[PDB]
Amino acid sequence: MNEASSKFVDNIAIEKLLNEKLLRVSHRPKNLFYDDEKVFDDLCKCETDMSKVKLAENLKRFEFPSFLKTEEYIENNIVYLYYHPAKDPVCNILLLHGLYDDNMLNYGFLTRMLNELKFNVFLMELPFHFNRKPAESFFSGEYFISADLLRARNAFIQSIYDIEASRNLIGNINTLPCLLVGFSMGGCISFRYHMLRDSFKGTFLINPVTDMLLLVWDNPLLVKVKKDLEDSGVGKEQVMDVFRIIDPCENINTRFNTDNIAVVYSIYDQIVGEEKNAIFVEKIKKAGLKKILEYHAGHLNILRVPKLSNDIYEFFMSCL
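For the sequence shown, the residue numbers in our numbering are 6 to 325.
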């Protein structure tokens, strides 16, 4: 892709998101009490109850209970999972989208191309997004990252339990192997799930978010979330702390498989930027990841890039 073109896509999407959405709402931090001690000890144990699954159809959608209820936000306690089956499939992909996404159709080029390479694609809705959005929320994803930091922290945690649920579900549909694929924030989430659980053949991150500690302080989409917090007397250190347990790099010294995880980043990426990527890259090398691919794209336009499907296929087929 072209440089200036890629930069333009990213920048007008930032501006639209800020102006139509993120600058029009406001949120309070509330109770910053949390215990990190046992946060994923359940995770291996959880099992999707097949009696409580539903399948809704023109286009196919599994619905099932999220293992983590949020009683306040009733619409979010169901996970939705869009089934895009391949003809003669070799593998399942579980595909997670980015933050504040509100348009499933942006993933169709990828979904299709992967479907041609003989992948089933399951696309999971992230907590507080799409049909998981609470009716009082102004837009898809608002409640996921807002100055309600405990809610943000719990939404990230929930996503991880939802991957598990989705995985367990998928295991009952067929016995094919599974890949976890995460775009942007879905990438950061998938990274964390990978460290916690060896339930996928491998994991492929696509222009992931690189650091949840600093995300709110530096990411330009989050400029008013930071302000909300600064006016509430919440400082940098508190924010970093609340996200420590959910951040991949912060926990990167744990015991996990570093051979079956591939990462793509994009050199024109305006959302993440080149500095955060260079830091992310250095830290993931120091931990022993190898499959790292530079793309000549920005953050969003990469979803329309043909090569992406092919690298995911190479990765499925590679030495792990």
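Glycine included, every Cβ here is placed at the ideal spot set by N, Cα and C.
Secondary structure of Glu76 (DSSP, three-state): coil. A distance of 7 Å or more separates the beta carbons of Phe161 and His102.
Taken through DSSP and simplified to helix, strand or coil, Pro311 comes out as helix.
Contact annotation: the region 11–24 does not touch the region 204–220, with fewer than three C-beta pairs closer than 8 Å. For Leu131, the closest alpha carbon among the candidates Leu99, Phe124 and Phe114 is that of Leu99. Listed in chain order, the non-local C-beta contacts of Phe320 below 8 Å within the same chain comprise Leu184, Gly207, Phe209, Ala267 and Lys296, local neighbours out to five positions each way being set aside.
Between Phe261 and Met200, the gap from beta carbon to beta carbon is short of 7 Å.
Residue nearest to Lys65 within the set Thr53, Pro90 and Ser204 is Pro90 (criterion: CA-CA distance). In the DSSP annotation of this structure, the continuous segment of the alpha helix (DSSP H) that includes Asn159 starts and ends at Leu154 to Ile178.
By alpha-carbon distance to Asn120, the top candidate from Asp93, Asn7, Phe133 and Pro225 is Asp93.
Following the DSSP letters along the chain, one finds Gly238 in no alpha helix (DSSP H), marked with neither H nor E. Rounded to the nearest whole angstrom, the C-alpha separation of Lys123 and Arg117 is 10 Å.
By the Cβ neighbour-count rule, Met190 is buried, with 16 or more other Cβ atoms within 10 Å of its own.
With a cut-off of 8 Å on Cβ pairs, the region 297–305 is not in contact with the region 229–245, counting fewer than three such pairs. Taking a C-beta distance under 7 Å as the contact criterion, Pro70 and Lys57 qualify as a contact pair.
Counting C-beta pairs closer than 8 Å gives fewer than three between the region 174–184 and the region 151–159, which falls short of the contact rule. Within a 10 Å sphere around the beta-carbon of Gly192 sit 16 or more other beta-carbons, which makes this residue buried. For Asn97, the enclosing beta strand (DSSP E) covers residues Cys96 to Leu101. With 16 or more other Cβ atoms from the protein chains shown falling within 10 Å of its own Cβ, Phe135 counts as buried. Membership of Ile297 in the beta strand (DSSP E) is indicated by the continuous run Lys296 to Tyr300. Close CB contacts of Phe45 within its chain, under the 6 Å cut and outside five residues either way in sequence, are with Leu201 (chain order).
Nearest C-alpha to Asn258 among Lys290, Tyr270, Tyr273 and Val247: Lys290.
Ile168 has its alpha-carbon roughly 11 Å from the corresponding atom of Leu128. Inter-residue distance for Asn256 and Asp246 is about 13 Å (C-alpha atoms, whole angstroms). Sequence-distant partners of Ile83 (beyond 5 residues in either direction) whose C-beta falls short of 8 Å from its own C-beta, in its chain, are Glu68, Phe69, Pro70, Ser71, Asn136 and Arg137. Unbroken beta strand (DSSP E) stretches of 3 residues or longer found wholly inside the region 233–290: 266–271, given in chain order. For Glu68, the enclosing beta strand (DSSP E) starts and ends at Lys65 to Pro70. In chain order, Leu115, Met118, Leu119, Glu121 and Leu122 place their CB closer than 8 Å to the CB of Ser314, counting only its own chain and leaving out the 5 sequence neighbours on each side. Secondary structure note for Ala140: it is in no alpha helix (DSSP H), with a DSSP letter that is neither H nor E. For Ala91, the secondary structure class from DSSP, reduced to helix, strand or coil, is coil.
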